[PDB]
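See structure below.
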Amino acid sequence: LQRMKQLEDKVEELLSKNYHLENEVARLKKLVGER
């Protein structure tokens, strides 16, 4: 099915960025507390 080896690289690439995106929102929201 979906994500067998090919779509794995695509779907994984999501977390690699999306999971990293929440990290920015944190550093961002804190940057609005001391810039």
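In the structure tokens, each chain is lettered A, B, ... as it comes, each chain's residues begin at 1, and ligands are numbered from 1 in order of appearance.
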Please identify which residues in chain A DSSP calls alpha helix (DSSP H) from the backbone, and express them as a PyMOL selection string. chain A and resi 7-31
Restrict the selected residues to N, CA, C and O atoms and save them as a compact mmCIF listing (two decimals), in the first residue's frame.
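So the final result, stored in out_14.txt, reads:
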```txt
# COMPACT_ATOMS: atom_id res chain seq x y z
N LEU A 7 6.85 6.28 -1.77
CA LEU A 7 6.03 7.27 -1.02
C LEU A 7 6.52 7.45 0.42
O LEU A 7 6.32 8.51 1.00
N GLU A 8 7.33 6.50 0.90
CA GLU A 8 8.04 6.61 2.19
C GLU A 8 8.95 7.84 2.24
O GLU A 8 8.71 8.70 3.08
N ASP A 9 9.69 8.06 1.17
CA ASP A 9 10.61 9.21 1.06
C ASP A 9 9.86 10.56 1.02
O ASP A 9 10.18 11.44 1.80
N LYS A 10 8.69 10.52 0.39
CA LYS A 10 7.76 11.67 0.29
C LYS A 10 7.07 11.96 1.65
O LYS A 10 7.19 13.05 2.19
N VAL A 11 6.43 10.95 2.22
CA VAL A 11 5.72 11.02 3.53
C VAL A 11 6.69 11.31 4.70
O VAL A 11 6.40 12.14 5.55
N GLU A 12 7.85 10.67 4.68
CA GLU A 12 8.93 10.93 5.67
C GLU A 12 9.42 12.38 5.57
O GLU A 12 9.42 13.07 6.58
N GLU A 13 9.65 12.85 4.33
CA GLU A 13 10.02 14.26 4.04
C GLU A 13 9.05 15.29 4.67
O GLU A 13 9.51 16.35 5.08
N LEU A 14 7.81 14.86 4.87
CA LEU A 14 6.80 15.69 5.56
C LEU A 14 7.25 15.91 7.01
O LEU A 14 7.70 17.00 7.28
N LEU A 15 7.36 14.85 7.81
CA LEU A 15 7.80 14.93 9.22
C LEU A 15 9.15 15.65 9.36
O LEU A 15 9.18 16.68 10.01
N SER A 16 10.13 15.29 8.53
CA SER A 16 11.45 15.96 8.44
C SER A 16 11.37 17.50 8.42
O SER A 16 12.23 18.18 8.98
N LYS A 17 10.31 18.01 7.78
CA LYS A 17 9.95 19.44 7.75
C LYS A 17 8.83 19.83 8.73
O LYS A 17 9.02 20.72 9.53
N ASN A 18 7.67 19.18 8.71
CA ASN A 18 6.51 19.46 9.59
C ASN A 18 6.88 19.40 11.09
O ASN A 18 6.57 20.29 11.86
N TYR A 19 7.59 18.34 11.47
CA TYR A 19 8.12 18.14 12.83
C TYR A 19 9.16 19.23 13.20
O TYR A 19 9.16 19.73 14.32
N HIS A 20 9.91 19.67 12.19
CA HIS A 20 10.85 20.80 12.26
C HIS A 20 10.17 22.19 12.25
O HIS A 20 10.68 23.17 12.79
N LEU A 21 8.95 22.25 11.72
CA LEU A 21 8.11 23.47 11.58
C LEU A 21 7.57 23.92 12.94
O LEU A 21 7.71 25.09 13.30
N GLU A 22 7.05 22.96 13.71
CA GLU A 22 6.62 23.22 15.11
C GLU A 22 7.80 23.80 15.95
O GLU A 22 7.60 24.76 16.69
N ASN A 23 9.01 23.34 15.64
CA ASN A 23 10.23 23.86 16.27
C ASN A 23 10.43 25.37 16.05
O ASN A 23 10.66 26.10 17.01
N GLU A 24 10.16 25.79 14.82
CA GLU A 24 10.21 27.22 14.44
C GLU A 24 9.15 28.04 15.16
O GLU A 24 9.52 28.95 15.89
N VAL A 25 7.88 27.62 15.09
CA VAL A 25 6.75 28.22 15.84
C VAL A 25 7.12 28.49 17.33
O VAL A 25 6.89 29.59 17.81
N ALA A 26 7.84 27.54 17.94
CA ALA A 26 8.35 27.69 19.31
C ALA A 26 9.42 28.81 19.42
O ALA A 26 9.14 29.84 20.03
N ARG A 27 10.54 28.66 18.71
CA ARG A 27 11.58 29.70 18.64
C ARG A 27 11.05 31.09 18.24
O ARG A 27 11.30 32.05 18.94
N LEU A 28 10.09 31.11 17.32
CA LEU A 28 9.33 32.29 16.87
C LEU A 28 8.51 32.94 17.99
O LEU A 28 8.72 34.11 18.30
N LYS A 29 7.62 32.16 18.62
CA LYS A 29 6.75 32.64 19.70
C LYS A 29 7.57 33.12 20.91
O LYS A 29 7.28 34.16 21.49
N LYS A 30 8.72 32.47 21.14
CA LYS A 30 9.69 32.90 22.16
C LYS A 30 10.52 34.14 21.74
O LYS A 30 10.83 34.99 22.57
N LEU A 31 10.78 34.28 20.43
CA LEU A 31 11.46 35.46 19.85
C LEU A 31 10.63 36.74 19.98
O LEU A 31 11.18 37.83 20.14
```
